[PDB]
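Take a look at the structure set out below.
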Amino acid sequence: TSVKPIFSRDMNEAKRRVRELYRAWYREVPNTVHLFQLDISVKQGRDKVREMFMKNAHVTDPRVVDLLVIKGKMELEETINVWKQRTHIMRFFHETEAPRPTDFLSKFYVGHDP
Amino acid sequence: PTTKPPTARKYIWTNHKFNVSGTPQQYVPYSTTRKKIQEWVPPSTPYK
Amino acid sequence: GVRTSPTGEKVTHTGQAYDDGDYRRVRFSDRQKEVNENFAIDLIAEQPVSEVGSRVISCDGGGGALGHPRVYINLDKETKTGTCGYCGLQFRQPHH
Amino acid sequence: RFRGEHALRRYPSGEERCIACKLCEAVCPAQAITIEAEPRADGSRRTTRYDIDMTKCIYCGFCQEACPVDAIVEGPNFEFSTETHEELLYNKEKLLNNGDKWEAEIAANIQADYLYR
Amino acid sequence: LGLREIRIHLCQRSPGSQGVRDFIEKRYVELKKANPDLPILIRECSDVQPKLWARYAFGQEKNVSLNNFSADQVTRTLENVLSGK
Amino acid sequence: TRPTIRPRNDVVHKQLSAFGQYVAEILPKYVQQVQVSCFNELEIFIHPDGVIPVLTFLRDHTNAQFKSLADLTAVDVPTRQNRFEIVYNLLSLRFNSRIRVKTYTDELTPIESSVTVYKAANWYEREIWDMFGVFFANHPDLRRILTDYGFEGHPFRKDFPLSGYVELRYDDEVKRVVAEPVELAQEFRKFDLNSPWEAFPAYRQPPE
Amino acid sequence: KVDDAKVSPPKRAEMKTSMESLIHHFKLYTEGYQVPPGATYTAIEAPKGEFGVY
Amino acid sequence: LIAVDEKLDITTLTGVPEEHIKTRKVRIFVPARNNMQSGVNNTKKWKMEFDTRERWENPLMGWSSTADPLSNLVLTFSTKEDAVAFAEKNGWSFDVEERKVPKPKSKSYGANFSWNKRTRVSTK
Amino acid sequence: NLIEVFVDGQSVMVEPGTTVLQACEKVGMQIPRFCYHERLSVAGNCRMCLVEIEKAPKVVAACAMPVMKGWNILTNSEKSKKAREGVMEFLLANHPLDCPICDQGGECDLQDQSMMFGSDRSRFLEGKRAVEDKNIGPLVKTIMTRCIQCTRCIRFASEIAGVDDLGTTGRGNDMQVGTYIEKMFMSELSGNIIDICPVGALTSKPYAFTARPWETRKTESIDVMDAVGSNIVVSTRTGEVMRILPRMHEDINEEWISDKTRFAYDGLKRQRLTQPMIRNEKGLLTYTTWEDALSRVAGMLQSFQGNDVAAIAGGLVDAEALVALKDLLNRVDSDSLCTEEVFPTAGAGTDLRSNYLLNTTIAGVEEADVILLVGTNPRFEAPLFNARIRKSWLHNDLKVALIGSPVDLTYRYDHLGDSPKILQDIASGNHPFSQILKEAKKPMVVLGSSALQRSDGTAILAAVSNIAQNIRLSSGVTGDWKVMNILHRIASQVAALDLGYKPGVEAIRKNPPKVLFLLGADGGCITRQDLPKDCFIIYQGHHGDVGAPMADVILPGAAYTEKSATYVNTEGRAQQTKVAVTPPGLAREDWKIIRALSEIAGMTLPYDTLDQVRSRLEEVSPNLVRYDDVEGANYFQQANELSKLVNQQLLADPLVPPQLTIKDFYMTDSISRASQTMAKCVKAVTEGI
Ligand code: SF4
Ligand code: SF4
Ligand code: SF4
Ligand code: SF4
Ligand code: FES
Ligand SMILES: [Mg+2]
Ligand SMILES: [Zn+2]
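Chains as they are written, first to last, in the entry's author numbering: chain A6, 41 to 154; chain AM, 98 to 145; chain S6, 28 to 123; chain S8, 96 to 212; chain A2, 14 to 98; chain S3, 43 to 250; chain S2, 363 to 416; chain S4, 52 to 175; chain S1, 30 to 718.
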């Protein structure tokens with residue numbers, strides 16, 4: 041069934057837009073670290089950008105990819121315009137949450153979670 | 098109250114208290130319900 | 028009618044009192060436990076029984092519109108008194 | 096008609112007015128009231144837990160409107176600020192103490208304003 | 014090597030289980046009589062192919078697909094398990 | 043007299059019905075349905091890509107001068123294929139009337155931005171996007187308006203939990219506010235209030 | 363208020379003396395009155411301009 | 052108009068955490084009639100609700116605490132197909148319960164006074 | 030043929046004899062009612078269902094008036110509305126002002142139908158009627174001032190429960206409902222009068238004042254107190270099990286549940302196992318950690334192997350736990366796996382499900398012509414099965430015959446002695462009941478599994494199978510009707526037999542084990558006197574009754590209300606219990622405990638989630654994952670042929686059921702024994718008053 045495309049027509053143009061947004065985020069991490077006075081490294085920021093891009097690597101719908109890059113542009117322009125604070129930028133890193141157990145034995149020990 | 102004294106009840110406080118916050122007489126909350134689940138008490142006599 | 032638990036802690040009208048090994052008693056150290064001294068069950072037991080010469084009586088708790096909804100109590104069981112359960116008030120027919 | 100600190104009232108005999116009907120709990124907008132009940136020793140329908148979170152309450156007066164026995168009321172007291180958050184988490188004993196403390200003024204106000212209700 | 018139990022799963026209405034159904038009707042009684050102490054659990058499937066699980070010692074199990082088998086084929090496959098070949 | 047029953051206005055009902063027929067005749071390509079509620083409110087259901095033509099007609103037409111955009115929101119109905127229902131409320135001062143225009147969309151289908159018809163549509167569509175996830179194609183500045191920076195999810199959706207997934211606090215170790223998974227000292231007590239007895243026979247649906 | 367105990371609560375005296383009034387008070391203050399299905403947009407001239415509810 | 056030969060999946064867009072996307076099994080069903088009432092107006096629409104998680108006791112005030120965002124979330128659907136479609140596009144696991152309608156029953160007031168059958172009642 | 034009637038002008042085809050209420054139900058309109066119940070007889074006394082026919086000057090009782098051809102039913106007409114208003118006006122004119130102090134509260138039909146069909150004001154300027162309250166036991170609380178004299182309880186009592194101690198005394202406005210004497214309405218189906226009473230006159234006494242309907246969360250699970258597999262709804266509130274209610278399943282439950290199911294939920298709050306326990310230097314049970322307890326158990330499991338490892342499954346165990354324990358014991362080549370209930374293993378044994386299943390389903394009883402019950406007391410073993418038999422008796426003149434002890438069932442049955450010699454006589458053909466069965470168009474032979482606990486259970490099974498074979502030979506061979514039946518009284522029995530557990534503990538008696546896993550085994554079949562000296566016992570369970578007192582290591586598990594699990598009822602149907610609350614304290618899910626023990630012992634099981642464990646269940650037996658299905662293959666010919674070859678001698682003892690009275694009904698399993706309400710019921714039925 042034919043559907044109205046948000047952008048990108050097929051998957052190739054969606055991948056192109058993903059690459060453009062990835063370049064935009066990659067060239068912004070030094071500025072983000074400088075302006076927000078982050079105690080993280082530039083390499084850490086670039087790795088976090090790569091990780092956040094990689095968790096959506098299983099998407100096979102061009103419209104979902106277009107919406108994802110739209111929201112990525114939104115949260116990039118929040119970082120560039122310093123609308124965000126260091127609070128949110130470091131919320132990206134989950135620096136205060138305790139490491140959740142992942143093995144069956146530990147999960148059995150701690151509680152009733154699946 | 099001198100001209101129209103209030104109705105007297107046996108449960109109304111005889112002595113009024115001001116705000117006792119910041120003093121050892123202050124209100125401390127707690128759960129007013131008993132224990133929901135009673136756990137099993139093992140026998141004190143030996144076995145086997 | 029306040030009562031004292033074996034740990035020296037007052038027992039409320041709901042029977043609440045922390046166990047000896049319960050750590051939650053620490054909240055009362057250097058402070059106090061809020062317990063209401065008046066017990067409604069004891070006071071309503073102290074209240075007497077009204078004798079009325081009718082099989083059915085009505086209770087609204089006193090005060091009219093300031094009391095509770097008016098209910099009717101059937102005073103036919105001669106082995107007990109009919110209790111209005113809004114206000115716990117006992118009524119009875121004259122025996123003997 | 097002023098809505099201040101909360102109170103649980105008693106009948107003139109000393110019996111508690113509340114009958115654990117949970118109408119105030121059902122009608123509370125902010126869900127500030129927690130109620131747990133069971134049959135008493137004498138079989139009365141009475142509460143065992145009656146909590147009001149005064150930091151969650153919006154002092155809207157709905158609980159005293161929905162009460163069919165005039166048990167829960169909003170008293171005239173408004174100067175009850177505390178130094179710690181927990182002191183504002185009233186329970187049944189605290190509310191009964193408030194009722195016993197303010198019964199005369201509460202009764203006078205209810206007598207004055209009860210014909211408009 | 015040490016067989017512990019046999020489990021035969023056959024759907025009661027699918028055409029592919031016709032041969033397994035024939036074996037149960039006319040050949041199961043003789044098999045059970047020869048192996049009184051062998052747990053031969055006959056169960057039911059909905060739409061999957063018939064199966065023949067063989068649980069050996071220490072919880073090792075092998076499943077053999079019985080799809081579109083005949084009664085003779087089922088008998089031969091079952092006697093292969095019991096013999097061990 | 044019936045003092046406890048709202049009086050009705052057949053004159054306004056007939057006028058609204060006539061104008062609904064008028065607009066439906068003028069715009070058959072987009073208008074799907076026209077309704078007049080019994081409290082005299084005209085409601086127009088159109089195709090989602092007729093938003094700009096229908097709104098421009100209702101704004102600039104001499105016989106329909108709906109020069110004011112009263113409101114613009116969306117309604118989430120998950121049981122529908124197109125769960126989101128965009129609603130436009132227009133006010134005509136020249137004829138002292140109000141109209142409602144309703145369209146539909148789902149998560150992955152954009153709706154044309156009406157900032158070229160009404161300037162209030164800018165912030166109204168920003169709020170719609172932020173709270174439901176509906177994307178508006180030609181919007182001068184489409185971004186979050188009400189939620190926190192970096193907030194994930196659209197909270198007015200029916201499938202979004204009431205308390206969300208994260209909560210904020212100040213952590214002394216990191217010397218900043220932190221966001222952690224939501225954890226409630228008292229869980230929101232859900233109440234089942236619906237009575238099992240039908241209230242309005244006029245709205246009874248066929249058993250099907 | 364509208365003399366309709368299925369929408370507005372009865373008086374306290376009626377609630378404490380009338381069974382229908384007590385039932386309606388109970389239901390209004392526990393479940394609330396049902397509202398017929400439909401959508402409306404009503405606006406007023408609030409002191410800050412048009413205040414509306416959909 | 053592009054053509055996509057893919058299933059709808061908006062999990063990356065909904066903003067739900069991965070834990071509450073993967074480890075959640077919703078229950079699609081029509082609620083059973085409340086046995087305390089004879090009404091059947093609450094057994095007409097399908098409901099989608101999540102699996103129960105842990106609830107513990109607050110150390111202060113003894114309240115009921117929770118750590119599960121979706122404890123109170125119940126969704127209403129007009130059709131089992133609609134509910135299944137919503138669950139599939141949102142990526143949660145789902146268990147479907149077929150609607151149970153009462154079977155038709157033959158009633159007769161004259162059977163209470165049968166000449167030779169046991170349906171005759173001993174009281175009215 | 031169908032006749033055409035009209036509801037509000039809408040055409041609808043209805044069978045002749047259909048009522049106005051049922052026609053409106055067909056078109057989707059529920060007519061208000063107070064006395065009409067579809068499971069009960071038609072009374073027509075509350076007069077709330079009066080509707081207008083288009084040309085009839087008089088309103089008709091919709092619950093009792095059969096429709097005629099071309100009748101137009103005006104459900105929302107002025108006459109119908111006025112009639113409803115008048116009836117509600119009378120009802121509330123005599124009703125008391127007890128709503129806040131009344132447990133019916135927000136789930137009352139009087140309140141809801143007054144808000145939907147009645148007026149909002151009262152014209153009653155007189156005094157009200159007050160009625161003395163009766164006492165009919167410790168389960169049902171009676172406040173008869175709220176009764177509207179609808180006679181639902183009387184009709185239900187008589188027709189359904191076979192107990193005729195409810196009725197109306199006096200006449201007029203002074204008519205009262207009660208026993209007229211101080212008699213306790215004690216029955217296994219006593220809470221359904223609480224359910225069907227539209228008002229708060231009959232309310233649950235254990236549930237009194239505890240909660241209100243809007244607060245409660247409803248968890249749709251099943252019942253484990255017996256092997257019927259009743260569908261229930263668990264009402265919780267702030268993580269606490271508040272109430273148990275019936276859930277309609279017309280093929281199993283049919284809107285009713287037994288008293289043990291309904292009122293034993295308070296046994297889950299007492300004697301609970303909350304923390305893992307080990308034994309110190311003095312031999313006393315003391316709390317410890319999961320890691321330590323599982324390490325000790327895993328050390329023992331590593332030390333011993335082979336037939337030195339046994340497990341006894343109790344009556345409230347689920348399929349996931351059973352299969353996890355089975356695989357864990359198979360990992361060490363051990364096979365001393367047993368259930369604490371005996372089934373004959375001679376011949377087909379547990380190989381064919383249509384040898385221990387109730388082949389004629391619960392709903393299939395209504396189609397039978399003759400039923401023969403052997404060595405069972407269905408009134409207490411399976412109260413809903415007995416209720417179905419009573420319904421079939423009443424509505425079809427079903428001929429019920431009972432071989433053995435004359436227990437007081439709720440219907441007239443033909444008694445046949447007390448000994449299995451009669452069972453042999455019927456098979457031979459000397460007994461006239463053999464001719465009765467031969468001439469029956471639909472026979473059924475139900476052998477209770479309590480009779481199989483005898484030393485000659487195999488002989489009894491062979492005798493009843495021979496009787497069924499004689500029925501099959503004489504009657505028509507063609508037909509899908511199934512005669513042979515087995516009645517189970519233990520919830521876990523069918524699931525265990527499907528998984529492949531050996532019925533009875535005879536294997537463990539034959540070969541005493543060094544390690545014994547009591548998986549909820551509180552029956553006391555095997556004790557330390559039978560076990561070898563210094564045997565290692567691990568009891569995994571939720572109540573400390575027998576196995577926990579006699580265990581070396583104690584592992585707290587989950588109850589049915591606390592775990593999502595699978596149970597198979599006596600007819601083979603599989604159903605899943607859902608989670609209502611979570612296990613208390615450090616208690617865990619049973620299959621999770623077994624899987625963690627396997628991981629610590631090093632023989633890690635191949636499933637880590639509930640879906641994977643149920644995939645293993647599908648591997649062992651797919652009927653454990655096909656839930657609502659009850660259809661299965663019939664292997665009666667093979668089972669009978671395998672039963673013929675080996676025969677033994679019946680004991681010369683009368684067939685005495687384990688439960689002869691309602692007290693023996695009340696006290697059956699661990700939760701019931703830990704329940705205070707069941708103790709109250711036992712005391713009431715023993716000491717009277
Ligand atoms: S005043 Fe309102 S918000 Fe406060 S406890 Fe009463 S009902 Fe709740
Ligand atoms: S409304 Fe009044 S009687 Fe009812 S629970 Fe609240 S305080 Fe108690
Ligand atoms: S039975 Fe119904 S109408 Fe009567 S007091 Fe109870 S809730 Fe109110
Ligand atoms: S007690 Fe209840 S069920 Fe029995 S006649 Fe009265 S209202 Fe009906
Ligand atoms: S429901 Fe028909 S008269 Fe009662
Ligand atoms: Mg009832
Ligand atoms: Zn009173």
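We treat Cβ as the ideally placed atom computed from N, Cα and C, and that holds for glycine.
Go ahead and label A67 (chain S6) buried or exposed: buried means 16 or more other beta carbons lie within 10 angstroms of its beta carbon, across all protein chains shown. Position 40 of the third sequence, counted from the first residue, corresponds to residue 67 (chain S6). It counts as buried.
Using only Cβ atoms and a threshold of 5 angstroms, which residues come within that distance of a heavy atom of ligand 7? Order them by chain position. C86 (chain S6), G88 (chain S6), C111 (chain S6), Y113 (chain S6), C114 (chain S6), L116 (chain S6)
Is the CB-CB distance between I341 (chain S1) and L671 (chain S1) below 8 angstroms? The residue labelled residue 341 (chain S1) in the question sits at position 312 within the ninth sequence. The residue labelled residue 671 (chain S1) in the question sits at position 642 within the ninth sequence. Contact: no.
Does chain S1 have any CB closer than 8 angstroms to the CB of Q25 (chain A2)? The count along the fifth sequence starts at 1 and reaches residue 25 (chain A2) at position 12. Interface residue, yes.
Is the Cβ-Cβ distance between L150 (chain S3) and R168 (chain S3) less than 8 angstroms? Mapped onto the sixth sequence, residue 150 (chain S3) falls at position 108. Mapped onto the sixth sequence, residue 168 (chain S3) falls at position 126. It is not a contact, given that the beta carbons lie outside the stated cut-off.
So what's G195 (chain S3) in DSSP terms, helix, strand or just coil? To locate residue 195 (chain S3), count along the sixth sequence from 1; it is residue 153. The answer is coil: DSSP assigns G195 (chain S3) none of H, G, I, E or B.
Shell residues, 6 angstroms Cβ cut-off relative to heavy atoms of ligand 2: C113 (chain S8), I114 (chain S8), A115 (chain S8), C116 (chain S8), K117 (chain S8), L118 (chain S8), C119 (chain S8), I130 (chain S8), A161 (chain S8), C162 (chain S8), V164 (chain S8), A166 (chain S8), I167 (chain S8), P129 (chain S1)
Assign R59 (chain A6) to one of two classes, buried (16 or more other C-beta atoms within 10 Å of its C-beta) or exposed (fewer than that). Taking the first residue of the first sequence as 1, we reach residue 59 (chain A6) at position 19. Label assigned to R59 (chain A6): exposed.
Taking buried to mean at least 16 other C-beta atoms within 10 Å of its own C-beta, is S484 (chain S1) buried or exposed? In the ninth sequence, the residue the question calls residue 484 (chain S1) occupies position 455. Exposed is the call here.
Which ranges would you report for the alpha helix (DSSP H) in the stretch 628 to 665 of chain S1 if only whole runs of at least 4 residues count? 639 to 649
Under 8 angstroms, CB to CB, which of the residues in the stretch 129 to 143 of chain AM have a partner in chain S6? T129, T130, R131
List, in chain order, every chain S6 residue whose beta-carbon is nearer than 8 angstroms to that of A367 (chain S2). As a first step, residue 367 (chain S2) is located in the seventh sequence; it is residue number 5 there, counting from the start. Within 8 angstroms Cβ-Cβ: nothing; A367 (chain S2) doesn't reach chain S6, min ~15 angstroms.
Spatial neighbours of residue 34 (chain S3) in its chain, beta-carbon cut-off 8 angstroms, leaving aside the 5 residues before and after: This structure gives no information on residue 34 (chain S3), because the portion of chain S3 shown stretches from 43 to 250.
Got a sec? Which residues, its chain only, sit under 6 angstroms from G376 (chain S1) by beta carbon, not counting five neighbours each side? If you number the ninth sequence from 1, residue 376 (chain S1) lands on position 347. Same-chain partners within the cutoff: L671, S672.
Inter-residue spacing [alpha-carbon to alpha-carbon] between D365 (chain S2) and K107 (chain AM): If you number the seventh sequence from 1, residue 365 (chain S2) lands on position 3. If you number the second sequence from 1, residue 107 (chain AM) lands on position 10. Straight-line Cα distance between these residues: approximately 41 angstroms.
Name the residue from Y212 (chain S3), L58 (chain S3), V54 (chain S3) whose alpha carbon lies nearest to the alpha carbon of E137 (chain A6). As a working mapping, residue 137 (chain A6) is identified with position 97 in the first sequence. Closest by alpha carbon: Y212 (chain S3).
Chain-ordered chain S1 contacts of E133 (chain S8) [CB-CB under 7 angstroms]: If you number the fourth sequence from 1, residue 133 (chain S8) lands on position 38. By Cβ distance, chain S1 contributes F238, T239.
Report the start-end ranges of each beta strand (DSSP E) in the stretch 293 to 347 of chain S1 that is 3 residues or longer and not cut off at the edges. 306 to 308, 314 to 316, 338 to 342
Taking C-beta to C-beta, are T174 (chain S1) and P125 (chain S1) nearer than 8 angstroms? On the ninth sequence, residue 174 (chain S1) is found 145 positions in, with the first residue counted as 1. On the ninth sequence, residue 125 (chain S1) is found 96 positions in, with the first residue counted as 1. Cβ distance < 8 angstroms, so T174 (chain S1) and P125 (chain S1) count as in contact.
Do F409 (chain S1) and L481 (chain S1) have their CB atoms nearer than 8 angstroms? Here residue 409 (chain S1) refers to the residue found at position 380 of the ninth sequence. Here residue 481 (chain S1) refers to the residue found at position 452 of the ninth sequence. No.
Integer Cβ distance of residue 720 (chain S1) from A322 (chain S1), believed to fall under 8 angstroms: This structure gives no information on residue 720 (chain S1), because the portion of chain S1 shown stretches from 30 to 718.
Please say whether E100 (chain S8) and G170 (chain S8) have beta carbons closer to each other than 8 angstroms? Translated into positions along the fourth sequence, residue 170 (chain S8) becomes position 75. Translated into positions along the fourth sequence, residue 100 (chain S8) becomes position 5. Cβ distance < 8 angstroms, so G170 (chain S8) and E100 (chain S8) count as in contact.
Who are residue 9 (chain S6)'s beta bridge partners in DSSP? Coverage of chain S6 is limited to positions 28 through 123, which leaves residue 9 (chain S6) absent and any answer about it impossible.
Indicate whether at least one CB of chain AM lies closer than 8 angstroms to the CB of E36 (chain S6). Stepping through the third sequence from its first residue, residue 36 (chain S6) is reached at position 9. Answer no: the Cβ-Cβ gap between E36 (chain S6) and chain AM never drops below 8 angstroms.
Identify every residue that forms a DSSP beta bridge with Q75 (chain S3). Along the sixth sequence, read from residue 1 onward, the residue named residue 75 (chain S3) stands at position 33. According to DSSP, which records beta bridges pairwise, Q75 (chain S3) is partnered with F87 (chain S3).
On a CA-only basis, which of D657 (chain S1), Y589 (chain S1), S148 (chain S1), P686 (chain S1) is nearest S59 (chain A2)? Give me that one, please. Residue 59 (chain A2) sits at position 46 when you count from the first residue of the fifth sequence. Ranking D657 (chain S1), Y589 (chain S1), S148 (chain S1), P686 (chain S1) by Cα distance to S59 (chain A2) puts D657 (chain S1) first.
Any idea what DSSP makes of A405 (chain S2), helix, strand or coil? Working through the seventh sequence from its first residue, we reach residue 405 (chain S2) at position 43. Three-state result, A405 (chain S2): strand.
Cβ-based neighbour list, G97 (chain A2), same chain, cut-off 6 angstroms, excluding 5 preceding and 5 following: Locating residue 97 (chain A2) in the fifth sequence gives position 84, where the first residue counts as 1. Once the five neighbours on either side are set aside, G97 (chain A2) has no close Cβ partner at all.
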